[PDB]
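1. Below is the sequence, then the experimental coordinates.
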Amino acid sequence: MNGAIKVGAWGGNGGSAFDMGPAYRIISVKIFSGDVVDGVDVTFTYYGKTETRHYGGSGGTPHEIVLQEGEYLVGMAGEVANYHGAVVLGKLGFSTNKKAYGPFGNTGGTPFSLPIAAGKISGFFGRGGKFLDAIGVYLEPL
Amino acid sequence: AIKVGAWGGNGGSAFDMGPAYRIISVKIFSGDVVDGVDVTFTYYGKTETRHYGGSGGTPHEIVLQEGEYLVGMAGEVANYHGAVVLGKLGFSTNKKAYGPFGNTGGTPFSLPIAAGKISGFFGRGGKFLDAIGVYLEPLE
Ligand SMILES: OC[C@H]1O[C@H](O[C@H]2[C@@H](O)[C@H](O)[C@@H](CO)O[C@@H]2O)[C@@H](O)[C@@H](O)[C@@H]1O
Ligand SMILES: OC[C@H]1O[C@H](O)[C@@H](O)[C@@H](O)[C@@H]1O
Ligand SMILES: OC[C@H]1O[C@H](O)[C@@H](O)[C@@H](O)[C@@H]1O
Ligand SMILES: OC[C@H]1O[C@H](O)[C@@H](O)[C@@H](O)[C@@H]1O
């Protein structure tokens, strides 16, 4: 709606769907991982208020991506894996216009990659349960 | 503009179709790998056809009917005769999925479009289709 562009999600069909929408300003992403991607904390600002939403389960070790001034997410990549009978994100990483982060997680499977030649990530959607079943992104120019 | 990809290698020469008003059809030329693509589309009142990549292989045409649009692209980036090229390519419309076109396996990629559509292409081509990316636009 309202001219959104959503690509993905990559991953499985388990868990519960989530959708952050594209209205907020992402300030940091915290990926929790061990053998696979357990979940993600997305911290954003909106009208001067800072909020964090958690998706996926409670396991794993955190790996934070803190966006500096003038830093944007311009890529996402990873692996879709079969783990404990579930189709989940086995690995997940991101690129900014300054640096590559990760991938985080240690289970291979079917790779995916989202290089963004023109544009940036402006929000997330996906599925979460005990682990991070799936992830997708909203895109916008620059 | 929103441009995602390209997926593929760094050989050949760059191409850029830019976005279209409406894509009419896409022809994927393939054999062992993806040789190239034809795109027929409307543009500021004109009907146009553009060819990218080489002229080898056999064509496979996807015609987009009334109210039909491209909502996915997937394939495999393969190693072939010392080049990194598209080994397989396929597309999904809001009605059906098509492909794979090509026969050489490699590193898979996939672009499901949950909201929006493919409106044009860019990439690299030589004898084969070295790389491919897409322009994305929202749904009307
Ligand atoms: O987030 C992954 C997965 O987690 C939970 O399911 C676990 C287990 O209870 C299931 O029996 C197996 C097989 O489906 O998968 C997991 O290990 C659920 O939240 C599930 O919906 C979700 O896909
Ligand atoms: O990633 C899945 C799982 O992997 C390991 O067993 C640990 O790192 C856990 O904390 C984590 O939940
Ligand atoms: O796809 C690469 C190549 O594969 C085969 O050798 C034939 O189908 C050719 O015409 C084609 O050019
Ligand atoms: O397209 C595959 C291959 O075709 C030709 O040999 C050249 O144009 C290369 O640069 C290119 O990589």
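-> That came in fine, so what should we check first? Residues are numbered from 1 along each chain as shown, chains lettered A, B, ... in the order given. Ligands and ions are numbered 1, 2, ... in the order given.

2. Now that residue A:81 has come up, it's in contact with residue A:103, right?
-> No: the pair formed by residue A:81 and residue A:103 falls short of the contact definition of C-beta atoms under 8 Å, at 11.7 Å. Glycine gets a C-beta too; all of them are placed from N, C-alpha and C.

3. Now do the shared contacts for those two.
-> Common contacts of residue A:81 and residue A:103, defined by C-beta atoms under 8 Å, 6 or more residues apart in numbering or on different chains, comprise residue A:91.

4. secondary structure element for residue A:45?
-> For residue A:45, the element it lies in under DSSP states H and E is strand A:37-46.

5. can that strand be found next to ligand 2?
-> Yes: using C-beta under 6 Å from any ligand atom, strand A:37-46 reaches ligand 2 at residue A:38.

6. Next, the buried residues of that strand.
-> A:37, A:38, A:39, A:40, A:41, A:42, A:43, A:44 (16 or more other C-beta atoms under 10 Å in any protein chain shown).

7. and the gap between the fifth one and ligand 2?
-> Spelled out, it's residue A:41. Noted for residue A:41: a distance of 15 Å to ligand 2, by C-beta to the nearest ligand atom, to the nearest Å.

8. Note down every partner strand of the host helix or strand of residue A:77 and its orientation.
-> Following DSSP H and E, one finds residue A:77 within strand A:73-83. Partner strands and pairing direction for strand A:73-83 (DSSP bridges) are strand A:86-96 (antiparallel), strand A:110-118 (antiparallel).

9. which residues touch that strand?
-> Defining contact as C-beta under 8 Å, 6+ apart, one finds that strand A:73-83 is touched by A:10-12, A:26, A:29, A:35-37, A:65, A:67, A:87-97, A:100, A:103, A:105, A:107-116, A:119-121, A:131, A:135, A:137.

10. could you dump it to CSV, C-alpha only?
-> The C-alpha trace of strand A:73-83 is given here as CSV (Å, rounded to 0.1, in the frame of the first residue of the first chain):
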residue,chain,number,x,y,z
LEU,A,73,21.4,-0.6,4.6
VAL,A,74,22.1,-1.4,0.9
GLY,A,75,22.3,-5.2,0.9
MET,A,76,21.2,-8.4,2.6
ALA,A,77,22.3,-12.0,2.1
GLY,A,78,22.3,-15.3,3.8
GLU,A,79,21.3,-19.0,3.7
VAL,A,80,18.0,-20.7,4.0
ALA,A,81,18.6,-23.9,6.0
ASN,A,82,16.8,-27.1,7.2
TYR,A,83,17.4,-27.1,11.0
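
11. Get me the contact residues on chain A for chain B.
-> A:3-10, A:110-119, A:125, A:136, A:139-141 (C-beta under 8 Å from any C-beta of the partner chain).

12. Just the buried residues of these.
-> Here, 16+ other C-beta under 10 Å leaves A:4-10, A:110-119, A:125, A:136, A:139 buried among these.

13. Correct me if wrong: residue A:59 contacts residue A:35.
-> No: in this structure, residue A:59 is not within contact of residue A:35 by C-beta under 8 Å, at 9.0 Å.

14. if we can go back for a sec, give the buried subset of the contacts of strand A:73-83 as a PyMOL selection command.
-> Filtering the contacts of strand A:73-83 down to the buried ones (16+ other C-beta under 10 Å) takes a single PyMOL command:
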select buried, chain A and resi 10+11+12+26+29+35+36+37+65+67+87+88+89+90+91+92+93+94+95+96+103+105+107+109+110+111+112+113+114+115+116+119+120+121+131+135+137
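
15. and ligand 1, which of the contacts of strand A:73-83 reach it?
-> Applying C-beta under 6 Å from any ligand atom to these, those adjacent to ligand 1 are A:88, A:131.

16. Quote the end-to-end distance of stretch A:43-56.
-> Stretch A:43-56 has its terminal residues 15 Å apart, counting by C-alpha to C-alpha, to the nearest Å.

17. Residues in contact with it: which ones?
-> The contact list for stretch A:43-56 (C-beta under 8 Å, 6+ apart) reads A:15, A:18, A:20, A:23-30, A:32, A:37-42, A:124, A:126, A:128-133.

18. circling back to that earlier point, which members of the buried residues of strand A:37-46 define the maximum pairwise distance?
-> The most widely separated members of the buried residues of strand A:37-46 are A:38 and A:44, with 20.3 Å between them, by C-beta to C-beta.
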